[PDB]
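File shown here: target-v3.txt, holding compact mmCIF, C-alpha atoms.
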```
# COMPACT_ATOMS: atom_id res chain seq x y z
CA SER A 1 3.77 98.38 7.46
CA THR A 2 3.95 94.59 7.73
CA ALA A 3 6.05 92.60 5.25
CA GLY A 4 2.91 90.94 3.90
CA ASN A 5 1.03 94.01 2.70
CA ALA A 6 4.35 95.38 1.48
CA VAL A 7 4.59 92.38 -0.85
CA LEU A 8 0.91 92.69 -1.78
CA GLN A 9 1.37 96.27 -2.95
CA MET A 10 4.42 95.06 -4.87
CA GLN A 11 2.21 92.44 -6.53
CA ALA A 12 -0.26 95.22 -7.34
CA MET A 13 2.28 97.59 -8.91
CA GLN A 14 3.53 94.92 -11.33
CA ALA A 15 0.04 93.43 -11.73
CA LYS A 16 -0.56 91.42 -14.90
CA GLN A 17 -2.27 93.84 -17.27
CA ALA A 18 -2.62 91.30 -20.09
CA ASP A 19 -1.53 87.84 -21.20
CA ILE A 20 0.58 87.34 -24.31
CA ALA A 21 -1.73 85.70 -26.85
CA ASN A 22 0.84 84.16 -29.21
CA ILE A 23 -1.70 83.62 -31.97
CA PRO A 24 -0.41 85.37 -35.09
CA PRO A 25 -3.15 87.45 -36.71
CA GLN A 26 -1.70 86.31 -40.03
CA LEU A 27 -2.40 82.62 -39.37
CA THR A 28 -5.39 82.79 -41.71
CA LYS A 29 -3.32 83.60 -44.81
CA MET A 30 -0.57 81.04 -44.43
CA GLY A 31 -1.88 78.10 -46.45
CA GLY A 32 -3.78 77.99 -49.74
CA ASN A 33 -0.78 78.40 -52.04
CA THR A 34 1.17 75.16 -52.27
CA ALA A 35 3.67 76.53 -54.77
CA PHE A 36 4.49 79.33 -52.34
CA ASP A 37 4.94 77.12 -49.29
CA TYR A 38 7.13 74.41 -50.79
CA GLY A 39 9.06 76.97 -52.81
CA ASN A 40 10.20 78.74 -49.65
CA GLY A 41 10.72 75.46 -47.83
CA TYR A 42 7.68 75.38 -45.57
CA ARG A 43 7.00 71.74 -44.87
CA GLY A 44 6.23 69.43 -41.97
CA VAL A 45 5.92 70.60 -38.38
CA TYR A 46 8.03 73.26 -36.64
CA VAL A 47 8.66 73.45 -32.90
CA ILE A 48 9.03 77.07 -31.81
CA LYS A 49 10.07 77.57 -28.18
CA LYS A 50 9.24 81.02 -26.82
CA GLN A 51 10.33 82.67 -23.58
CA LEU A 52 9.55 86.04 -21.99
CA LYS A 53 11.67 89.12 -22.69
CA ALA A 54 14.93 89.50 -20.76
CA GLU A 55 13.70 92.70 -19.09
CA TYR A 56 10.79 90.94 -17.42
CA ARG A 57 12.86 87.89 -16.48
CA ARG A 58 15.18 90.08 -14.42
CA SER A 59 12.13 91.70 -12.83
CA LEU A 60 10.20 88.54 -11.92
CA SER A 61 13.33 86.53 -11.04
CA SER A 62 14.48 89.23 -8.62
CA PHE A 63 11.04 89.28 -7.03
CA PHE A 64 10.78 85.50 -6.71
CA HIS A 65 14.30 85.34 -5.30
CA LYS A 66 13.51 87.61 -2.34
CA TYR A 67 9.91 86.65 -1.50
CA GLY A 68 9.52 83.14 -2.94
CA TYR A 69 6.57 81.82 -4.95
CA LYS A 70 2.82 82.03 -4.38
CA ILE A 71 1.75 78.78 -2.71
CA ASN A 72 -1.91 78.80 -1.56
CA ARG A 73 -1.96 75.38 0.12
CA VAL A 74 -2.11 74.26 3.76
CA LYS A 75 1.06 72.57 5.02
CA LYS A 76 3.92 73.09 7.46
CA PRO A 77 6.13 75.93 6.18
CA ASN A 78 9.59 75.69 4.67
CA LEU A 79 11.64 77.37 7.39
CA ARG A 80 15.08 75.95 6.63
CA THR A 81 15.35 74.80 3.02
CA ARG A 82 17.72 77.40 1.59
CA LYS A 83 21.35 78.14 2.43
CA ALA A 84 20.84 81.82 3.21
CA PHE A 85 17.22 82.82 3.86
CA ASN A 86 13.61 81.65 3.85
CA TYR A 87 10.68 84.00 3.39
CA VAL A 88 7.55 82.79 5.14
CA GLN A 89 4.08 84.29 5.28
CA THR A 90 1.04 82.48 6.65
CA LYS A 91 -2.68 83.03 7.19
CA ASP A 92 -4.43 81.93 10.39
CA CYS A 93 -1.40 79.81 11.17
CA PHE A 94 -1.34 77.32 14.00
CA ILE A 95 1.69 77.16 16.27
CA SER A 96 1.57 75.03 19.41
CA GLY A 97 4.00 74.29 22.22
CA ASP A 98 4.70 74.83 25.92
CA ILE A 99 4.38 78.63 25.92
CA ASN A 100 1.88 80.98 27.57
CA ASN A 101 -1.00 81.48 25.16
CA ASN A 102 -0.34 85.23 25.09
CA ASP A 103 3.18 84.87 23.67
CA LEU A 104 2.16 81.94 21.47
CA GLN A 105 -0.59 84.13 20.03
CA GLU A 106 2.01 86.79 19.18
CA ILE A 107 4.33 84.35 17.39
CA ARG A 108 1.41 83.19 15.25
CA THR A 109 0.80 86.77 14.14
CA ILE A 110 4.49 87.21 13.31
CA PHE A 111 4.35 84.46 10.70
CA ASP A 112 0.86 85.60 9.69
CA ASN A 113 2.44 88.96 8.85
CA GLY A 114 5.37 87.48 6.96
CA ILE A 115 9.02 87.17 7.95
CA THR A 116 12.45 86.43 6.46
CA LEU A 117 14.48 83.87 8.40
CA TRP A 118 18.24 84.16 7.97
CA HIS A 119 20.71 81.28 8.18
CA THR A 120 23.91 83.23 7.46
CA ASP A 121 25.27 86.13 9.53
CA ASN A 122 25.31 88.38 6.46
CA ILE A 123 21.76 89.60 7.00
CA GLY A 124 20.24 91.68 4.21
CA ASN A 125 22.69 90.51 1.58
CA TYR A 126 20.21 89.33 -1.05
CA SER A 127 22.92 89.03 -3.70
CA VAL A 128 23.64 85.40 -2.79
CA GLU A 129 22.28 82.40 -4.69
CA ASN A 130 20.26 81.11 -1.73
CA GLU A 131 20.07 77.60 -3.20
CA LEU A 132 18.79 74.51 -1.39
CA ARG A 133 20.45 72.45 1.38
CA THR B 1 -2.01 120.25 -7.65
CA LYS B 2 -0.38 117.00 -6.53
CA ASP B 3 2.90 116.95 -4.60
CA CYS B 4 3.41 120.55 -5.64
CA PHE B 5 6.65 122.39 -5.04
CA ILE B 6 6.57 125.92 -3.69
CA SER B 7 9.80 127.60 -2.62
CA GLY B 8 10.69 130.99 -1.16
CA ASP B 9 11.93 132.77 1.95
CA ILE B 10 9.38 131.33 4.39
CA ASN B 11 9.74 129.02 7.38
CA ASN B 12 9.44 125.45 6.13
CA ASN B 13 6.43 124.86 8.39
CA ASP B 14 4.31 127.56 6.73
CA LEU B 15 5.69 126.76 3.28
CA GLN B 16 4.65 123.15 3.83
CA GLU B 17 1.11 124.32 4.61
CA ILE B 18 0.83 126.47 1.46
CA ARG B 19 1.87 123.48 -0.63
CA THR B 20 -0.98 121.44 0.84
CA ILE B 21 -3.44 124.26 0.13
CA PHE B 22 -2.80 124.03 -3.60
CA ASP B 23 -2.54 120.24 -3.32
CA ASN B 24 -6.09 120.30 -1.99
CA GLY B 25 -7.40 122.66 -4.66
CA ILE B 26 -8.35 126.33 -4.45
CA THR B 27 -10.20 129.03 -6.38
CA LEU B 28 -8.29 132.31 -6.71
CA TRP B 29 -10.47 135.38 -7.22
CA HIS B 30 -9.45 138.51 -9.12
CA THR B 31 -12.69 140.47 -8.74
CA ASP B 32 -14.30 141.53 -5.45
CA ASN B 33 -17.54 139.78 -6.39
CA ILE B 34 -16.48 136.47 -4.86
CA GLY B 35 -18.72 133.49 -5.53
CA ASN B 36 -20.42 135.05 -8.53
CA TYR B 37 -19.82 132.28 -11.06
CA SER B 38 -22.27 133.80 -13.54
CA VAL B 39 -19.54 135.86 -15.21
CA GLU B 40 -17.78 134.90 -18.45
CA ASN B 41 -14.36 134.58 -16.79
CA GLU B 42 -12.55 134.94 -20.12
CA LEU B 43 -8.80 135.42 -20.57
CA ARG B 44 -6.65 138.51 -19.91
CA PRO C 1 22.76 113.63 21.96
CA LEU C 2 23.43 114.87 25.52
CA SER C 3 26.16 117.44 24.85
CA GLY C 4 27.36 119.51 21.91
CA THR C 5 30.44 121.33 20.64
CA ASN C 6 31.16 123.85 17.87
CA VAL C 7 27.42 124.47 17.57
CA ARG C 8 26.02 126.53 14.70
CA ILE C 9 22.36 127.44 14.05
CA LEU C 10 21.68 127.68 10.38
CA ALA C 11 19.38 129.59 8.02
CA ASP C 12 18.37 129.09 4.38
CA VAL C 13 18.06 125.30 4.55
CA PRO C 14 15.20 124.51 2.12
CA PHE C 15 14.27 120.93 3.01
CA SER C 16 12.01 120.11 5.94
CA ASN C 17 10.55 117.30 8.04
CA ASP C 18 8.55 116.15 5.02
CA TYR C 19 11.64 114.27 3.80
CA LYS C 20 10.27 114.69 0.27
CA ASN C 21 13.43 116.48 -0.78
CA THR C 22 17.00 116.62 0.51
CA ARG C 23 20.46 117.59 -0.70
CA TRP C 24 22.73 114.69 -1.59
CA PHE C 25 26.51 114.97 -1.22
CA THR C 26 29.58 113.09 -2.47
CA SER C 27 31.74 113.10 0.66
CA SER C 28 31.67 113.76 4.41
CA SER C 29 33.70 116.86 3.57
CA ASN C 30 31.38 118.04 0.78
CA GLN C 31 28.48 117.66 3.20
CA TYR C 32 30.13 119.90 5.79
CA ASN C 33 31.34 122.47 3.22
CA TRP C 34 27.82 122.89 1.86
CA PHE C 35 26.36 123.34 5.25
CA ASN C 36 29.35 125.50 6.18
CA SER C 37 28.50 127.96 3.36
CA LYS C 38 25.30 129.41 4.98
CA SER C 39 24.68 132.81 6.61
CA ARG C 40 25.30 132.01 10.32
CA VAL C 41 22.56 133.29 12.59
CA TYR C 42 24.18 131.92 15.72
CA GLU C 43 27.30 130.15 17.01
CA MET C 44 28.45 128.51 20.25
CA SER C 45 31.64 126.72 21.19
CA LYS C 46 29.89 124.46 23.68
CA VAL C 47 26.24 123.65 24.43
CA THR C 48 24.44 121.61 27.05
CA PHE C 49 21.25 120.31 25.48
CA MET C 50 18.72 120.27 28.30
CA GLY C 51 15.40 119.47 26.70
CA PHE C 52 15.83 115.84 27.76
CA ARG C 53 12.66 114.55 29.44
CA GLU C 54 9.34 114.16 27.63
CA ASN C 55 11.18 114.29 24.25
CA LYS C 56 11.10 117.82 22.80
CA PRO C 57 14.86 118.21 22.76
CA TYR C 58 16.26 121.72 22.86
CA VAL C 59 18.96 124.35 23.13
CA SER C 60 19.06 127.63 25.04
CA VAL C 61 19.91 130.39 22.54
CA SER C 62 20.76 133.83 23.91
CA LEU C 63 18.97 136.07 21.42
CA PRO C 64 15.32 137.29 21.39
CA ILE C 65 12.59 135.75 19.22
CA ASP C 66 13.07 138.70 16.87
CA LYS C 67 16.13 138.23 14.63
CA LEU C 68 15.82 134.48 15.23
CA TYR C 69 13.11 134.02 12.61
CA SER C 70 15.65 133.13 9.93
CA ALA C 71 16.63 130.05 11.96
CA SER C 72 16.29 126.90 9.85
CA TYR C 73 18.93 124.39 10.89
CA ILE C 74 21.43 123.27 13.53
CA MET C 75 24.76 121.51 13.09
CA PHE C 76 26.89 120.42 16.03
CA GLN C 77 29.69 118.06 17.00
CA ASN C 78 29.97 115.75 20.00
CA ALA C 79 32.97 114.74 22.12
CA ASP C 80 32.18 111.03 21.76
CA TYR C 81 31.87 110.77 17.96
CA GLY C 82 34.96 112.80 17.35
CA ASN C 83 34.60 115.26 14.52
CA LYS C 84 31.38 113.74 13.17
CA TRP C 85 28.82 116.42 12.38
CA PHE C 86 25.27 116.06 13.63
CA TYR C 87 22.57 117.77 11.59
CA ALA C 88 19.13 118.69 12.93
CA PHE C 89 15.91 120.44 11.88
CA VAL C 90 14.68 123.51 13.76
CA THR C 91 11.20 122.25 14.66
CA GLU C 92 9.89 124.93 17.01
CA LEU C 93 10.45 128.25 18.76
CA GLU C 94 9.13 128.55 22.33
CA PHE C 95 8.74 131.53 24.67
CA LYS C 96 11.48 131.94 27.29
CA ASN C 97 11.61 135.66 28.25
CA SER C 98 12.09 138.46 25.76
CA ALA C 99 15.97 138.54 25.43
CA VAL C 100 17.28 134.94 25.11
CA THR C 101 15.30 132.27 23.20
CA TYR C 102 14.61 128.48 23.17
CA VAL C 103 15.58 126.77 19.87
CA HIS C 104 14.29 123.19 19.68
CA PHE C 105 15.55 120.56 17.21
CA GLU C 106 15.03 117.29 15.35
CA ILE C 107 18.04 115.17 14.27
CA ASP C 108 18.09 114.62 10.50
CA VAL C 109 18.52 110.85 10.15
CA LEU C 110 19.29 111.40 6.47
CA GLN C 111 21.92 114.16 6.62
CA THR C 112 23.53 112.83 9.80
CA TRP C 113 23.92 109.12 9.05
CA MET C 114 24.08 109.73 5.29
CA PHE C 115 27.46 108.08 4.66
CA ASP C 116 26.94 105.55 7.44
CA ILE C 117 24.13 103.67 5.70
CA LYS C 118 24.36 100.75 3.32
CA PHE C 119 21.50 100.20 0.91
CA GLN C 120 20.74 96.57 0.08
CA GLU C 121 18.70 94.92 -2.66
CA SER C 122 15.15 96.28 -2.42
CA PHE C 123 11.94 96.45 -4.45
CA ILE C 124 11.88 99.86 -6.12
CA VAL C 125 8.67 101.48 -7.33
CA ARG C 126 10.22 104.34 -9.31
CA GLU C 127 13.66 105.74 -10.12
CA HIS C 128 15.57 107.67 -12.78
CA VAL C 129 17.20 105.27 -15.23
CA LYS C 130 19.79 105.49 -17.99
CA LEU C 131 17.94 106.99 -20.95
CA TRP C 132 20.26 106.57 -23.94
CA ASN C 133 22.72 103.96 -25.14
CA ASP C 134 26.12 104.98 -26.53
CA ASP C 135 24.79 104.61 -30.09
CA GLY C 136 22.11 107.22 -29.41
CA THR C 137 19.51 104.47 -29.51
CA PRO C 138 16.96 104.54 -26.67
CA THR C 139 17.39 102.18 -23.72
CA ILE C 140 14.64 99.56 -23.49
CA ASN C 141 12.03 100.30 -20.82
CA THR C 142 8.63 98.67 -21.40
CA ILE C 143 7.12 98.46 -17.90
CA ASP C 144 3.45 99.36 -18.28
CA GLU C 145 3.02 102.83 -16.79
CA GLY C 146 -0.74 102.41 -17.14
CA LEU C 147 -1.03 105.99 -18.35
CA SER C 148 -3.36 107.38 -21.01
CA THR D 1 15.71 93.60 39.61
CA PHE D 2 13.55 94.54 36.65
CA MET D 3 11.09 97.28 37.35
CA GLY D 4 8.92 97.92 34.28
CA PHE D 5 6.16 97.81 36.85
CA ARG D 6 3.32 99.14 34.64
CA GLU D 7 1.77 96.26 32.72
CA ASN D 8 2.79 97.52 29.29
CA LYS D 9 6.27 98.99 29.71
CA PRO D 10 9.12 97.24 31.61
CA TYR D 11 12.67 98.54 31.99
CA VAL D 12 16.04 98.19 33.70
CA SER D 13 17.95 100.82 35.66
CA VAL D 14 21.31 101.30 33.97
CA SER D 15 23.89 103.33 35.85
CA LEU D 16 25.46 105.08 32.87
CA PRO D 17 24.24 108.20 31.04
CA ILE D 18 21.80 108.20 28.07
CA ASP D 19 24.29 109.50 25.46
CA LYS D 20 26.28 106.26 25.80
CA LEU D 21 23.31 103.93 25.30
CA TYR D 22 22.42 104.86 21.72
CA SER D 23 24.20 101.77 20.39
CA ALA D 24 21.98 99.61 22.62
CA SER D 25 19.95 97.20 20.50
CA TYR D 26 19.26 94.04 22.46
CA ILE D 27 19.14 92.47 25.93
CA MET D 28 19.78 88.89 27.00
CA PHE D 29 19.34 87.52 30.52
CA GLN D 30 18.77 84.35 32.55
CA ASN D 31 16.52 83.72 35.53
CA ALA D 32 17.35 81.73 38.67
CA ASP D 33 13.90 80.18 38.64
CA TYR D 34 13.81 78.97 35.04
CA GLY D 35 17.28 77.46 35.23
CA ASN D 36 19.62 78.11 32.33
CA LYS D 37 17.10 79.52 29.88
CA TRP D 38 18.28 82.64 28.07
CA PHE D 39 15.73 85.41 27.53
CA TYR D 40 16.09 87.73 24.53
CA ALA D 41 14.60 91.20 24.25
CA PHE D 42 14.63 94.21 21.93
CA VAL D 43 15.73 97.56 23.32
CA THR D 44 12.58 99.45 22.40
CA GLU D 45 13.31 102.93 23.73
CA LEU D 46 15.56 104.89 26.07
CA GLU D 47 14.16 107.14 28.78
CA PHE D 48 16.03 109.79 30.77
CA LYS D 49 15.86 109.54 34.56
CA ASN D 50 18.89 111.57 35.63
```
Now, as a test, write the supplied structure out as structure tokens.
Amino acid sequence: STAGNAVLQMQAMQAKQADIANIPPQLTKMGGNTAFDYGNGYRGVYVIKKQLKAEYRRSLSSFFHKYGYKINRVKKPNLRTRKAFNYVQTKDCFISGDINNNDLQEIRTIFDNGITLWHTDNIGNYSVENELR
Amino acid sequence: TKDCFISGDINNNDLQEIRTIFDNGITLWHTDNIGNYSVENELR
Amino acid sequence: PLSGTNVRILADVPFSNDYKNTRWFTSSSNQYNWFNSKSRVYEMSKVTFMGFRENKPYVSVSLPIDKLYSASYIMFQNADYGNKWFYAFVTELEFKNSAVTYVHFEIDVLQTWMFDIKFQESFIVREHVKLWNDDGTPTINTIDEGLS
Amino acid sequence: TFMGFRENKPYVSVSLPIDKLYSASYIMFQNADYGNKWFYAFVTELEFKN
């Protein structure tokens, strides 16, 4: 019931079923008629900025907010970057220090299993902004 | 069935077992020749 | 909970230790009034719970195993939590002699602490959502169910 | 004097009944031999003696 596999199942339940192509199937028919294009004011280049639907923004934003981004690189973990909380999950992490190797081995597994580190006494209140600094 | 709901005047322990029985699948016979699948088994 | 007051053993409570279903109430009062409405199999003004050891906790009920079949639930108060009602499942019946019976229980963490919990922002797999806008137009729900 | 003598479960002997210890969540203590280090521990479970 570790926080890590909890997140993994969450990744699985909202798993990307398909990418959005954004190639109009009517591209083929667009040119050919110059009188049609210039008549209706089609001319030069157009810059069309597209962004995902609001429904999925809420979804993904909420997810990212609680459990951060996927990282997949080896470094020392961000433990105190945000104002409120930092989620941290590692794999085969290395933690040293003057502690009996039994306890030290347990701490390693704690971060290997994933953990949220709070910096404000209002623990569990995920409604905050949790910005940097 | 899957996550079936069966109610009635029975202790919740037994009732919970019956639910699992149908959740696991079962053949209910209506003729005394049990296991004889060679019949037509039509409606009515 | 060591001791108990105003104890009632309850029948006709449908939900069980599966915690797949339970009855949800609006107020501490509404909770009690619902539970109050059952056909009372047994009552006691004070009870010393004595199961305390290995863990099976229990009560000593002075009626034979017969007539005690209907037993489904227990609600009781404690001196230390004031007039807070504690709600518990009837897990098991065990042989005492043939005239008074042992009724063992399991505190319902849902029913008991129901109004004492605060739910915070959590990932939710499924829930019942608002279906229709005011206009009669359908609310937008496009999450891929993955169903044929 | 802590007496969770068995390797895998340690405890303390608290001279107040079990009903009053439900709220118990955590334990903090120092040791004479490790100076002023504070030790922090979860209250895993309550067990009835008398």
Pick from C:71, C:99, C:124, C:2: nearest to chain D, with only C-alpha atoms counted? C:2
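You will find CA of residue 61 (chain C) at 25.2 Å from CA of residue 16 (chain B).
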Which residue, A:43, A:89, A:83, A:127, has the smallest gap to residue 30 (chain A) when you use all atoms listed in the file? A:43
In file coordinates, which residues lie within 12 Å of (10.2, 93.8, 32.2) using all atoms listed in the file, given as number ranges by chain? D: 1-13, 27-29, 39-44
Generate the output file for the selected residues, C-alpha atoms, as a tab-separated table (two decimals), in the frame of the given file.
```tsv
chain	number	residue	atom	x	y	z
D	1	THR	CA	15.71	93.60	39.61
D	2	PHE	CA	13.55	94.54	36.65
D	3	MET	CA	11.09	97.28	37.35
D	4	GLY	CA	8.92	97.92	34.28
D	5	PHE	CA	6.16	97.81	36.85
D	6	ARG	CA	3.32	99.14	34.64
D	7	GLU	CA	1.77	96.26	32.72
D	8	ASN	CA	2.79	97.52	29.29
D	9	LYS	CA	6.27	98.99	29.71
D	10	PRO	CA	9.12	97.24	31.61
D	11	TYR	CA	12.67	98.54	31.99
D	12	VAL	CA	16.04	98.19	33.70
D	13	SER	CA	17.95	100.82	35.66
D	27	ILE	CA	19.14	92.47	25.93
D	28	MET	CA	19.78	88.89	27.00
D	29	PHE	CA	19.34	87.52	30.52
D	39	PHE	CA	15.73	85.41	27.53
D	40	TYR	CA	16.09	87.73	24.53
D	41	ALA	CA	14.60	91.20	24.25
D	42	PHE	CA	14.63	94.21	21.93
D	43	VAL	CA	15.73	97.56	23.32
D	44	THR	CA	12.58	99.45	22.40
```
Residues at most 9 Å from region 20-37 of chain B, counting all atoms listed in the file, excluding those fewer than 2 positions away in the same chain, as a ChimeraX atom specification? /B:1-4,15-18,39-41
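Considering only C-alpha atoms, the residue among C:102, C:132, C:123, C:32 positioned nearest to residue 77 (chain C) is C:32.
Picture a line from CA of residue 39 (chain C) to CA of residue 66 (chain C); it runs 16.6 Å.
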Would you mind listing what lies within 8 Å of region 44-54 of chain C as a compact mmCIF listing (two decimals) with C-alpha atoms, in the frame of the given file, with only C-alpha atoms counted and same-chain residues fewer than 2 positions away left out?
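And here is the file that came out, result-v3.txt:
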```
# COMPACT_ATOMS: atom_id res chain seq x y z
CA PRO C 1 22.76 113.63 21.96
CA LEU C 2 23.43 114.87 25.52
CA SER C 3 26.16 117.44 24.85
CA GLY C 4 27.36 119.51 21.91
CA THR C 5 30.44 121.33 20.64
CA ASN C 6 31.16 123.85 17.87
CA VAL C 7 27.42 124.47 17.57
CA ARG C 8 26.02 126.53 14.70
CA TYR C 42 24.18 131.92 15.72
CA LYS C 56 11.10 117.82 22.80
CA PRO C 57 14.86 118.21 22.76
CA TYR C 58 16.26 121.72 22.86
CA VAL C 59 18.96 124.35 23.13
CA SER C 60 19.06 127.63 25.04
CA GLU D 47 14.16 107.14 28.78
CA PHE D 48 16.03 109.79 30.77
CA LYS D 49 15.86 109.54 34.56
```
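Note that CA of residue 64 (chain A) and CA of residue 11 (chain A) are 11.0 Å apart.
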Taking a cut-off of 10 Å and counting all atoms listed in the file, can you build a table that, for each residue of chain B near chain C, reports the nearest atom pair and how far apart they are in Å (one decimal), sorted by chain then residue number, as CSV?
```
residue,atom,partner,partner_atom,distance
B:3,CA,C:20,CA,9.1
B:5,CA,C:21,CA,10.0
B:7,CA,C:14,CA,7.8
B:8,CA,C:14,CA,8.5
B:9,CA,C:12,CA,7.8
B:10,CA,C:70,CA,8.6
B:11,CA,C:72,CA,7.3
B:12,CA,C:16,CA,5.9
B:13,CA,C:16,CA,7.7
B:15,CA,C:16,CA,9.6
B:16,CA,C:18,CA,8.1
```
Selected residues written out with C-alpha atoms, as a PDB file, in the coordinates of the input:
```pdb
ATOM      1  CA  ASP B   3       2.900 116.950  -4.600  1.00  0.00           C
ATOM      2  CA  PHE B   5       6.650 122.390  -5.040  1.00  0.00           C
ATOM      3  CA  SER B   7       9.800 127.600  -2.620  1.00  0.00           C
ATOM      4  CA  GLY B   8      10.690 130.990  -1.160  1.00  0.00           C
ATOM      5  CA  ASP B   9      11.930 132.770   1.950  1.00  0.00           C
ATOM      6  CA  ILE B  10       9.380 131.330   4.390  1.00  0.00           C
ATOM      7  CA  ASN B  11       9.740 129.020   7.380  1.00  0.00           C
ATOM      8  CA  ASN B  12       9.440 125.450   6.130  1.00  0.00           C
ATOM      9  CA  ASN B  13       6.430 124.860   8.390  1.00  0.00           C
ATOM     10  CA  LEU B  15       5.690 126.760   3.280  1.00  0.00           C
ATOM     11  CA  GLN B  16       4.650 123.150   3.830  1.00  0.00           C
TER      12      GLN B  16
END
```
Would you kindly report the residues of chain C within 12 Å of chain A, using all atoms listed in the file, as a PDB file with C-alpha atoms, in the coordinates of the input?
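This went into out04.pdb:
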```
ATOM      1  CA  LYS C 118      24.360 100.750   3.320  1.00  0.00           C
ATOM      2  CA  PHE C 119      21.500 100.200   0.910  1.00  0.00           C
ATOM      3  CA  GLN C 120      20.740  96.570   0.080  1.00  0.00           C
ATOM      4  CA  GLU C 121      18.700  94.920  -2.660  1.00  0.00           C
ATOM      5  CA  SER C 122      15.150  96.280  -2.420  1.00  0.00           C
ATOM      6  CA  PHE C 123      11.940  96.450  -4.450  1.00  0.00           C
ATOM      7  CA  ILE C 124      11.880  99.860  -6.120  1.00  0.00           C
ATOM      8  CA  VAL C 125       8.670 101.480  -7.330  1.00  0.00           C
ATOM      9  CA  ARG C 126      10.220 104.340  -9.310  1.00  0.00           C
ATOM     10  CA  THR C 139      17.390 102.180 -23.720  1.00  0.00           C
ATOM     11  CA  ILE C 140      14.640  99.560 -23.490  1.00  0.00           C
ATOM     12  CA  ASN C 141      12.030 100.300 -20.820  1.00  0.00           C
ATOM     13  CA  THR C 142       8.630  98.670 -21.400  1.00  0.00           C
ATOM     14  CA  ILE C 143       7.120  98.460 -17.900  1.00  0.00           C
ATOM     15  CA  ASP C 144       3.450  99.360 -18.280  1.00  0.00           C
ATOM     16  CA  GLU C 145       3.020 102.830 -16.790  1.00  0.00           C
ATOM     17  CA  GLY C 146      -0.740 102.410 -17.140  1.00  0.00           C
TER      18      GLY C 146
END
```
Show me, as a Markdown table, the residues of chain D having an atom within 12 Å of chain C, each with the closest atom pair and its distance in Å, using all atoms listed in the file.
```
| residue | atom | partner | partner_atom | distance |
| --- | --- | --- | --- | --- |
| D:17 | CA | C:2 | CA | 8.7 |
| D:18 | CA | C:2 | CA | 7.3 |
| D:19 | CA | C:2 | CA | 5.4 |
| D:20 | CA | C:80 | CA | 8.6 |
| D:21 | CA | C:1 | CA | 10.3 |
| D:22 | CA | C:1 | CA | 8.8 |
| D:45 | CA | C:55 | CA | 11.6 |
| D:46 | CA | C:55 | CA | 10.5 |
| D:47 | CA | C:53 | CA | 7.6 |
| D:48 | CA | C:53 | CA | 6.0 |
| D:49 | CA | C:53 | CA | 7.8 |
| D:50 | CA | C:53 | CA | 9.3 |
```
(6.9, 83.4, 7.1) in this file's frame - what residues fall within 9 Å of it? Use all atoms listed in the file and give the answer as a ChimeraX atom specification. /A:77-79,86-90,110-117
Contacts of residue 27 (chain C) within 10 Å, all atoms listed in the file, excl. fewer than 6 positions in-chain, as an mmCIF file with C-alpha atoms, in the frame of the given file:
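Generated file (result-v6.cif):
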```cif
data_model
loop_
_atom_site.group_PDB
_atom_site.id
_atom_site.type_symbol
_atom_site.label_atom_id
_atom_site.label_comp_id
_atom_site.auth_asym_id
_atom_site.auth_seq_id
_atom_site.Cartn_x
_atom_site.Cartn_y
_atom_site.Cartn_z
ATOM 1 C CA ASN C 33 31.340 122.470 3.220
ATOM 2 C CA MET C 114 24.080 109.730 5.290
ATOM 3 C CA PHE C 115 27.460 108.080 4.660
#
```
